[PDB]
Amino acid sequence: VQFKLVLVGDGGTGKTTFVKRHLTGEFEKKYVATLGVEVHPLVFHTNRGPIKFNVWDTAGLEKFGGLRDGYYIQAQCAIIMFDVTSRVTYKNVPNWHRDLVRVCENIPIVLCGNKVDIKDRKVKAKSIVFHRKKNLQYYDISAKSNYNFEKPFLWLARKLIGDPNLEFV
Amino acid sequence: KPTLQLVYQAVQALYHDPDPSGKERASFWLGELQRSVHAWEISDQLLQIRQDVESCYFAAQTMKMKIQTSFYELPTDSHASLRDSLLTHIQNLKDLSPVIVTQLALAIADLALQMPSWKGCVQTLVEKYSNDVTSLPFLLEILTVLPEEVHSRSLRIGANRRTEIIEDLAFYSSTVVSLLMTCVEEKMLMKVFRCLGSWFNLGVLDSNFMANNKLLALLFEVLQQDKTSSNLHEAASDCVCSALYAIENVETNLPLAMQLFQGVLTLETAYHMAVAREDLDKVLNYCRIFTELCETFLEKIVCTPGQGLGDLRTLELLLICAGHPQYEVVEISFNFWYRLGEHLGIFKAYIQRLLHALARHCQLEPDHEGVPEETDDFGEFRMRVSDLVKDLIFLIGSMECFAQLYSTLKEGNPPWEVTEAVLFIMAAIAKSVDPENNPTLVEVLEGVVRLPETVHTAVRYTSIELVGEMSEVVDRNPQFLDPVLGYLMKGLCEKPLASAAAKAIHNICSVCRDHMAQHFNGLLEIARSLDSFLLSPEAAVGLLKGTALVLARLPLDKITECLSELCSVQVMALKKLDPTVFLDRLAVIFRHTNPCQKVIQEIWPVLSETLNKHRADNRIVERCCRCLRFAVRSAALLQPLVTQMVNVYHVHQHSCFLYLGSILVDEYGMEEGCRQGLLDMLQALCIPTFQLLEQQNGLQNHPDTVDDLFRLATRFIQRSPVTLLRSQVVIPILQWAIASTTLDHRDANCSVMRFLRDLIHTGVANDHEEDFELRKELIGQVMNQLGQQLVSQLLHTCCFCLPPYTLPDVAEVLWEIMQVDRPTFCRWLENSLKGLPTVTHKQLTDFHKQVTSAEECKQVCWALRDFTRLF
Ligand SMILES: Nc1nc2c(ncn2[C@@H]2O[C@H](COP(=O)(O)OP(=O)(O)OP(=O)(O)O)[C@@H](O)[C@H]2O)c(=O)[nH]1
Ligand SMILES: [Mg+2]
């Protein structure tokens, strides 16, 4: 039971750091730009059997874009990552969304506001309009403090499988 | 160029090989293929061969990605031939996967936007395919994405050429609208609306023409018919919202405005039809249309209410939506409400109607067992409600609403879930309510304390939070302090109520510290057995913080006595011995006990052992250093700490030792008795530091170390600069600083740009004092030696290494360099501009002129900005 998950968003927003949190359990301070794409199978044990996510961690930096759109084929779900501490990253969220729906239409897409741990927030959770529509959802997350760091996958699982009751174990 | 057999092979791996390590490698080879010159020829062939869906998407996408990035490497003559290819390709593959049709559509649009020799492209495309019914689906797809691509960051069309584009489309906006009518005469229907909506969003459609046009009528038509599918519905809604948004001035677009206003009002019936059924998808769309409608005609509702455009059925439609049992429906309208309140008597009744609607949305399920959880989806919603109420409460009156909410909590024998929800909204506003009218305020508090223990847990919980929000009323009415505390004392002793109580107690302690001295006896006794109440770490810390805030206000005599008791329980527990929690509890006590060194002596020995036991564990050490930081916040600790710091750091390079070091320098750096010892610490700390950064990827792997090292250096350069400048260690610091300029880690880079700025500025700042000439010479030496290497490094990072957000920090450093020696800098900059790998000599020249001739720092940043774009 596996799903192709494309992870998109501006560079330095915390995409790869977020994955490493799940993959190894280790929070990583360093910032190493992803080259093109980086595939990581993430397996979560649930109360209804194991679920594997084939996470496609794409690059945010224009120089290391890789195939960009080419990575999107046959995606079943996606996570759009932006920085809570960076206004310019949230401004680009519409363009990322537009790119996905031009390749993958009506797939479950989660908006993720990362680095909510930061003292001075520059993007208010109130102003977000993404979760107001359905098929779309938002979660305040933090790869450092692990705040709601499992929410996006659990939500996507409930959408991909189709069971609201489903829980992680 | 690679063989055709190889790319078909690499594609099947990338799309079917389950292994991650292999899938990445195929990706990279295909990646290098797109960047290469061979990409054009291969892609064109793949689409002609059309083996399968996988390879055709890649070729079409590559076609698009090569047109929007590598358009420059095409001879003018090739343009016409490439266009014929893409149009032939999209023809042949028109019934293939839709995801392939889009990419080709995108490619043609991106091509057209960059091809001025293809004038009247809108006209060309339509009259070639409009009559073929099977051509229509991809023609529309191109027509939809074309206006969207005009603001493409991937294309980044010049400002003048972009303006030409938009007005060129406006010219032909008639032709596509005309076409869009022929088109609709379900799958096809929604394609039409999306296309219509897209041209609306560009703001190039004629309001007056669209005002009287069948397309508009068709929009509201399908939005009225109950039989219409979910997909046609969403498309129609989105197009309506696009129509409304495109209206910037209602007056200039009055024909269109009136048509749309009347149109959406006819949907109220369709709304009721959708809510009669369980069609939640449809109602969310209607609620979106309504909220968008009120935003557009907000001005008319305000200026001439009730009359025409100001027809108050608009606000009513929202209050109906507000009444909906599904909470995902009402939050859609929250932003308008914010905006309505923001612009703001006629509305008052509407806002108070809304508040009652939100009050009921906060009602928990009658079978709810525990406390209201904040983490879940619904607890988040309650907060969004709480925040919205705070911002609108001024339209009712914080005295009017607070009293009114409380009054309705005795009539009709209110069930527990109705009480909790009313208490919740009261707590939301309990802070903003003016404590002038105390009687109505102070009687609410008396009501909450007389609540029996028998009431539902969740009612006890929210009432504790309400009391917590009412700390200003306990400050103005000190008699209620003892009853309030006692009530909170009961909640603290109940496990699921503990955290809420501890938080509420802390609020009281902070505001009512002036006369809290009596109760301190109790607070200490809570601390003495803190881990019995099953508290959260946050609630625990917050509790100890409170008692420490009032201890500082106690009589000086009893302070030293009670402080030692507060810490002894912690010390004895550590002595018995993961110490993190007690380290964190010690730290907060010190942090807010600000009326001490007598107690510090008792603490130091157990901390040193704790630090040394877990000297390998960064997380514990980090909490350890935080603790030690606040204890200082006492020269008897200095040397035994510095020694231990250096010794631990020697084997475990915890960067928090650097930061802790920076604190000692910030606090004792001005004391010339310490200046030598502090410099020794720095020189000692730098040795294991440089060892870390000397390693491969040393800067990338320890950005935390880079950040904290230069915070230390910065504290030095602003507390005792001369001590650092005459030292020998300042030279490798500066070198690493210069090396650190290419570190893309944002936090660490701000710190580095900060040290360089503050360092160079020392040769300029405060020329009024005597030692200025010494500092002037020391920097002059430094600038002589390294000045040319810094400027070259700074210029390098701006153009190739770091993201645009660093520019103001670099510009600030560059500015200080000109303050030290501008004529020399003018020479330096020419060398930096000399070594560059394109960019015309004219551009380098006028860049040099702007920067070197800058009179404000602002001018340097813009100068860097424009030049940086070139790379
Ligand atoms: N405070 C805080 N910092 C974070 C958090 N998550 C990530 N960061 C920082 O942000 C950086 C994220 O690096 P990456 O995840 O590799 O960047 P990215 O999102 O993958 O962007 P690309 O590399 O272009 O794909 C890390 O170096 C962290 O220092 C967080 O939750 N809290
Ligand atoms: Mg990455």
# chains A, B, ... in the order shown; residues from 1 in each chain; ligands from 1
>>> residues_near_ligand(ligand="ligand 2", cutoff="7 Å", atoms="only C-alpha atoms and all ligand atoms", output="list in words")
residues 15, 16, 32, 33, 34, 57, 58 and 59 of chain A
>>> residues_near_ligand(ligand="ligand 1", cutoff="7 Å", atoms="only C-alpha atoms and all ligand atoms", output="count of residues only")
33
>>> closest_residue(among="B:408, B:163, B:213, B:859", to="residue 259 in chain B", atoms="only C-alpha atoms")
B:213
>>> select_by_dssp(residues="range 16-164 of chain A", states="helix (DSSP H, G or I)", output="ChimeraX atom specification")
/A:16-23,62-64,68-72,87-91,93-101,125-127,130-132,151-161
>>> write_last_selection(atoms="N, CA and C atoms", output="tab-separated table (two decimals), in the first residue's frame")
chain	number	residue	atom	x	y	z
A	16	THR	N	12.85	19.50	3.16
A	16	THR	CA	13.74	18.38	3.44
A	16	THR	C	13.90	18.15	4.94
A	17	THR	N	14.00	19.23	5.71
A	17	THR	CA	14.13	19.13	7.16
A	17	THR	C	12.94	18.40	7.75
A	18	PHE	N	11.75	18.70	7.23
A	18	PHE	CA	10.52	18.06	7.67
A	18	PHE	C	10.53	16.55	7.44
A	19	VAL	N	11.03	16.13	6.28
A	19	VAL	CA	11.11	14.71	5.94
A	19	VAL	C	12.10	13.98	6.84
A	20	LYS	N	13.28	14.56	7.02
A	20	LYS	CA	14.32	13.98	7.86
A	20	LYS	C	13.84	13.77	9.29
A	21	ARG	N	12.92	14.62	9.73
A	21	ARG	CA	12.30	14.49	11.04
A	21	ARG	C	11.55	13.17	11.16
A	22	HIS	N	10.83	12.80	10.11
A	22	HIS	CA	10.10	11.54	10.08
A	22	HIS	C	11.01	10.37	9.76
A	23	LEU	N	11.89	10.57	8.78
A	23	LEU	CA	12.71	9.49	8.24
A	23	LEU	C	13.70	8.92	9.25
A	62	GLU	N	15.28	27.86	-7.88
A	62	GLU	CA	15.09	27.84	-9.33
A	62	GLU	C	16.23	27.15	-10.08
A	63	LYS	N	17.44	27.28	-9.55
A	63	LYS	CA	18.63	26.71	-10.18
A	63	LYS	C	18.64	25.19	-10.13
A	64	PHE	N	18.06	24.63	-9.07
A	64	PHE	CA	18.09	23.19	-8.87
A	64	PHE	C	16.73	22.56	-9.14
A	68	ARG	N	11.05	19.61	-12.40
A	68	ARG	CA	9.98	20.43	-11.86
A	68	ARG	C	8.61	19.81	-12.11
A	69	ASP	N	7.95	20.24	-13.18
A	69	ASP	CA	6.64	19.72	-13.55
A	69	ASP	C	6.67	18.22	-13.83
A	70	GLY	N	7.79	17.74	-14.37
A	70	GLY	CA	7.94	16.34	-14.71
A	70	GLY	C	7.81	15.41	-13.52
A	71	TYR	N	8.11	15.93	-12.33
A	71	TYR	CA	8.04	15.15	-11.10
A	71	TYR	C	6.60	14.90	-10.65
A	72	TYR	N	5.65	15.57	-11.29
A	72	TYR	CA	4.29	15.61	-10.78
A	72	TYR	C	3.41	14.46	-11.26
A	87	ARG	N	7.48	36.28	4.13
A	87	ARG	CA	6.31	36.72	3.38
A	87	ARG	C	6.41	36.40	1.89
A	88	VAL	N	7.63	36.34	1.38
A	88	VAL	CA	7.83	36.13	-0.05
A	88	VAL	C	7.56	34.67	-0.42
A	89	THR	N	7.65	33.78	0.56
A	89	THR	CA	7.37	32.37	0.32
A	89	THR	C	5.86	32.11	0.25
A	90	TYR	N	5.10	32.83	1.06
A	90	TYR	CA	3.65	32.69	1.05
A	90	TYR	C	3.04	33.30	-0.20
A	91	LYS	N	3.70	34.31	-0.74
A	91	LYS	CA	3.23	34.98	-1.95
A	91	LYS	C	3.28	34.03	-3.15
A	93	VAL	N	2.83	30.69	-2.96
A	93	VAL	CA	1.93	29.56	-2.75
A	93	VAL	C	0.88	29.40	-3.87
A	94	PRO	N	0.27	30.51	-4.35
A	94	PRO	CA	-0.64	30.34	-5.48
A	94	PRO	C	-0.01	29.74	-6.74
A	95	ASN	N	1.25	30.06	-7.01
A	95	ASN	CA	1.91	29.55	-8.21
A	95	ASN	C	2.21	28.06	-8.12
A	96	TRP	N	2.61	27.61	-6.93
A	96	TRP	CA	2.84	26.19	-6.69
A	96	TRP	C	1.55	25.41	-6.87
A	97	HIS	N	0.48	25.92	-6.28
A	97	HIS	CA	-0.83	25.29	-6.37
A	97	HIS	C	-1.28	25.19	-7.83
A	98	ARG	N	-1.09	26.27	-8.57
A	98	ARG	CA	-1.48	26.33	-9.98
A	98	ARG	C	-0.72	25.29	-10.80
A	99	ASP	N	0.54	25.06	-10.44
A	99	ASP	CA	1.38	24.08	-11.14
A	99	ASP	C	0.90	22.66	-10.93
A	100	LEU	N	0.47	22.35	-9.71
A	100	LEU	CA	0.04	21.01	-9.37
A	100	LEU	C	-1.28	20.66	-10.07
A	101	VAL	N	-2.23	21.59	-10.02
A	101	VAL	CA	-3.55	21.35	-10.61
A	101	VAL	C	-3.51	21.36	-12.13
A	125	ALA	N	-1.83	33.17	10.68
A	125	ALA	CA	-2.63	31.99	10.37
A	125	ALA	C	-4.05	32.37	9.99
A	126	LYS	N	-4.48	33.55	10.42
A	126	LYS	CA	-5.83	34.04	10.16
A	126	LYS	C	-6.07	34.33	8.68
A	127	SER	N	-5.08	34.92	8.03
A	127	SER	CA	-5.21	35.42	6.66
A	127	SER	C	-5.32	34.32	5.60
A	130	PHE	N	-6.65	29.01	2.06
A	130	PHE	CA	-6.47	27.71	1.41
A	130	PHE	C	-7.37	26.61	1.98
A	131	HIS	N	-7.41	26.51	3.30
A	131	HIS	CA	-8.16	25.44	3.96
A	131	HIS	C	-9.68	25.65	3.90
A	132	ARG	N	-10.09	26.86	3.56
A	132	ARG	CA	-11.51	27.21	3.52
A	132	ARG	C	-12.25	26.40	2.45
A	151	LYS	N	0.37	15.64	11.31
A	151	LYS	CA	-0.93	16.04	10.77
A	151	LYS	C	-1.08	15.88	9.24
A	152	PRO	N	-0.11	16.39	8.44
A	152	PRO	CA	-0.33	16.31	6.99
A	152	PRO	C	-0.46	14.88	6.45
A	153	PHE	N	0.37	13.96	6.92
A	153	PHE	CA	0.33	12.59	6.43
A	153	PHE	C	-0.93	11.86	6.89
A	154	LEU	N	-1.31	12.09	8.14
A	154	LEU	CA	-2.50	11.48	8.71
A	154	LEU	C	-3.74	11.93	7.94
A	155	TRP	N	-3.80	13.23	7.64
A	155	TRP	CA	-4.90	13.81	6.89
A	155	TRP	C	-4.95	13.25	5.47
A	156	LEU	N	-3.79	13.15	4.83
A	156	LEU	CA	-3.69	12.62	3.48
A	156	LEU	C	-4.07	11.14	3.46
A	157	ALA	N	-3.68	10.42	4.51
A	157	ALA	CA	-4.02	9.01	4.64
A	157	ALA	C	-5.54	8.84	4.66
A	158	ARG	N	-6.21	9.64	5.48
A	158	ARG	CA	-7.66	9.60	5.59
A	158	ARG	C	-8.33	9.92	4.25
A	159	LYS	N	-7.66	10.72	3.43
A	159	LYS	CA	-8.19	11.11	2.14
A	159	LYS	C	-7.90	10.05	1.07
A	160	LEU	N	-6.69	9.51	1.09
A	160	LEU	CA	-6.28	8.51	0.10
A	160	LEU	C	-7.01	7.19	0.31
A	161	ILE	N	-7.03	6.72	1.55
A	161	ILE	CA	-7.74	5.50	1.89
A	161	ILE	C	-9.25	5.72	1.82
>>> interface_residues(of="chain A", to="chain B", cutoff="6 Å", atoms="only C-alpha atoms", output="number ranges by chain")
A: 30, 39, 66-67, 103
>>> select_by_dssp(residues="chain A", states="strand (DSSP E)", output="CSV table (one decimal) with C-alpha atoms, in the first residue's frame")
chain,number,residue,atom,x,y,z
A,2,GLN,CA,2.0,3.0,-1.3
A,3,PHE,CA,1.3,6.5,-2.5
A,4,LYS,CA,3.3,9.0,-4.7
A,5,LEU,CA,3.6,12.2,-2.7
A,6,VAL,CA,5.1,15.3,-4.3
A,7,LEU,CA,6.6,17.8,-1.9
A,8,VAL,CA,6.8,21.3,-3.3
A,9,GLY,CA,7.5,24.9,-2.0
A,37,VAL,CA,14.3,15.7,-6.6
A,38,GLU,CA,14.8,13.4,-3.6
A,39,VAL,CA,12.7,10.3,-3.2
A,40,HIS,CA,12.1,8.9,0.3
A,41,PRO,CA,9.7,6.1,1.2
A,42,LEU,CA,8.0,6.9,4.5
A,43,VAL,CA,6.1,4.1,6.2
A,44,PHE,CA,3.6,4.8,9.0
A,45,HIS,CA,2.1,2.0,11.1
A,46,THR,CA,-1.7,2.5,11.5
A,49,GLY,CA,-2.3,-1.8,8.2
A,50,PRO,CA,0.9,-0.1,7.2
A,51,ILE,CA,0.9,2.8,4.8
A,52,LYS,CA,3.9,3.8,2.7
A,53,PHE,CA,4.3,7.3,1.3
A,54,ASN,CA,6.7,7.7,-1.7
A,55,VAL,CA,7.7,11.3,-0.9
A,56,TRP,CA,9.0,13.3,-3.8
A,57,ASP,CA,10.9,16.1,-2.2
A,58,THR,CA,11.3,18.6,-5.1
A,77,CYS,CA,-1.4,13.8,-3.0
A,78,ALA,CA,0.8,16.8,-2.4
A,79,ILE,CA,2.1,19.1,0.3
A,80,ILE,CA,2.8,22.7,-0.4
A,81,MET,CA,5.4,24.1,2.0
A,82,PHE,CA,5.9,27.8,2.9
A,83,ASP,CA,7.7,29.7,5.5
A,109,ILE,CA,-3.1,19.0,-1.3
A,110,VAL,CA,-2.0,20.2,2.2
A,111,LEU,CA,-0.7,23.7,2.8
A,112,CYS,CA,2.0,23.7,5.5
A,113,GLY,CA,3.1,26.8,7.4
A,114,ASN,CA,6.5,25.7,8.7
A,136,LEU,CA,-7.4,21.5,0.5
A,137,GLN,CA,-6.2,21.8,4.1
A,138,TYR,CA,-3.8,23.8,6.2
A,139,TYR,CA,-1.7,23.0,9.3
A,140,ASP,CA,0.7,25.0,11.4
>>> decode(residues="range 544-569 of chain B", atoms="N, CA and C atoms", output="short mmCIF file (atom, residue, chain, number, x, y, z; two decimals), in the first residue's frame")
data_model
loop_
_atom_site.label_atom_id
_atom_site.label_comp_id
_atom_site.auth_asym_id
_atom_site.auth_seq_id
_atom_site.Cartn_x
_atom_site.Cartn_y
_atom_site.Cartn_z
N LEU B 544 5.90 28.28 38.57
CA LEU B 544 7.12 28.75 39.21
C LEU B 544 7.49 30.19 38.84
N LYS B 545 7.19 30.57 37.60
CA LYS B 545 7.43 31.94 37.15
C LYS B 545 6.60 32.93 37.98
N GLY B 546 5.33 32.59 38.19
CA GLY B 546 4.42 33.43 38.94
C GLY B 546 4.90 33.71 40.35
N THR B 547 5.22 32.65 41.08
CA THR B 547 5.67 32.76 42.47
C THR B 547 6.99 33.52 42.59
N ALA B 548 7.81 33.46 41.55
CA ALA B 548 9.08 34.18 41.56
C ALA B 548 8.88 35.66 41.31
N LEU B 549 7.80 36.00 40.61
CA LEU B 549 7.48 37.39 40.31
C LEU B 549 7.03 38.15 41.55
N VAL B 550 6.37 37.45 42.46
CA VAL B 550 5.90 38.06 43.70
C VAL B 550 6.95 38.00 44.81
N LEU B 551 7.85 37.03 44.72
CA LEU B 551 8.98 36.93 45.65
C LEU B 551 9.90 38.14 45.57
N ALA B 552 10.05 38.68 44.37
CA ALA B 552 10.90 39.85 44.15
C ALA B 552 10.29 41.10 44.80
N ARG B 553 8.99 41.03 45.08
CA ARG B 553 8.26 42.15 45.67
C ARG B 553 8.15 42.02 47.19
N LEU B 554 8.46 40.84 47.70
CA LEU B 554 8.49 40.60 49.15
C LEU B 554 9.49 41.54 49.83
N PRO B 555 9.38 41.70 51.16
CA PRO B 555 10.40 42.43 51.92
C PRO B 555 11.79 41.82 51.76
N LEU B 556 12.78 42.67 51.49
CA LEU B 556 14.16 42.24 51.23
C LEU B 556 14.70 41.22 52.23
N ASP B 557 14.23 41.30 53.47
CA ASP B 557 14.71 40.40 54.51
C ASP B 557 14.27 38.96 54.26
N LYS B 558 12.99 38.79 53.91
CA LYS B 558 12.43 37.47 53.70
C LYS B 558 12.75 36.90 52.32
N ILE B 559 13.24 37.75 51.42
CA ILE B 559 13.57 37.31 50.07
C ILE B 559 14.64 36.23 50.07
N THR B 560 15.79 36.55 50.66
CA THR B 560 16.91 35.63 50.73
C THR B 560 16.54 34.31 51.41
N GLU B 561 15.57 34.38 52.32
CA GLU B 561 15.12 33.20 53.05
C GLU B 561 14.19 32.32 52.21
N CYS B 562 13.23 32.95 51.54
CA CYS B 562 12.25 32.21 50.75
C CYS B 562 12.80 31.74 49.41
N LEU B 563 13.71 32.52 48.83
CA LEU B 563 14.33 32.17 47.56
C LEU B 563 15.11 30.86 47.68
N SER B 564 15.83 30.72 48.79
CA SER B 564 16.65 29.54 49.04
C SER B 564 15.80 28.28 49.21
N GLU B 565 14.60 28.45 49.76
CA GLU B 565 13.66 27.34 49.91
C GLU B 565 13.06 26.94 48.56
N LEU B 566 12.78 27.94 47.73
CA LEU B 566 12.25 27.71 46.39
C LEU B 566 13.18 26.87 45.53
N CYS B 567 14.48 27.05 45.73
CA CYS B 567 15.50 26.37 44.93
C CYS B 567 15.93 25.04 45.53
N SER B 568 15.86 24.93 46.86
CA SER B 568 16.31 23.74 47.58
C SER B 568 15.61 22.46 47.13
N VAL B 569 14.32 22.55 46.82
CA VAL B 569 13.57 21.39 46.37
C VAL B 569 14.11 20.89 45.02
#
